Amino acid sequence: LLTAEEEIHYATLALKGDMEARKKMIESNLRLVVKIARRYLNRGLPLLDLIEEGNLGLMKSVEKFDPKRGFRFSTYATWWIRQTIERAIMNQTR
Ligand code: NA
Ligand code: NA
C-alpha cells in the first residue's frame, strides 16, 4: 500500500514513462482488480476472464495517470478496470 506521498512520486515518474514506477503502482492495486471483477460475475464471463480484462485496464491506467487532475490513483484505476470489463461484456454482443 502506497502513502499519498509515495503514490504521487511514482505517478509523476510513471507519467514520464518510468516502468519501475508503473510496476510499483500496478503491484499495489492487483487486489483491486479481483474485487471489481467479482462485481461483474454472472454476466457471461467467468471470473478469470473478468480478471484478465480488468488487468488490461489497470495496466492502461498507469500510462497516463495525472495526479494534477485531482483524483487518487486507486480511483482512476477503478474507473479503468470497470471500463475494460464493461467493454468486454459489450463485446459479447456482435
Ligand atoms: Na503521505
Ligand atoms: Na480520488
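Heads up, the authors' numbering is the position in the sequence shown plus 100, with the first residue counted as 1. We put the CB at the ideal spot given by N, CA and C, even for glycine.
Three or more C-beta pairs below 8 Å linking the region 147-161 and the region 183-194: Contact between the region 147-161 and the region 183-194 is present, because at least three Cβ pairs lie under 8 Å.
Exercise answer, beta-carbon shell around ligand 2 heavy atoms below 6 Å: Any residue whose Cβ sits closer than 6 Å to a heavy atom of ligand 2 makes the list: 171, 172, 175.
Any non-hydrogen atom of ligand 1 within 8 Å of residue 103 CB: For residue 103, the CB falls within less than 8 Å of some heavy atom of ligand 1.
Proximity winner among 101, 103, 184, relative to residue 145 (alpha-carbon distances): The shortest C-alpha separation from residue 145 is found at 184.
Reference residue 195, options 193, 182, 192, closest by Cα: As shown, the chain starts at 101 and ends at 194. That puts residue 195 outside it, with no answer to give.
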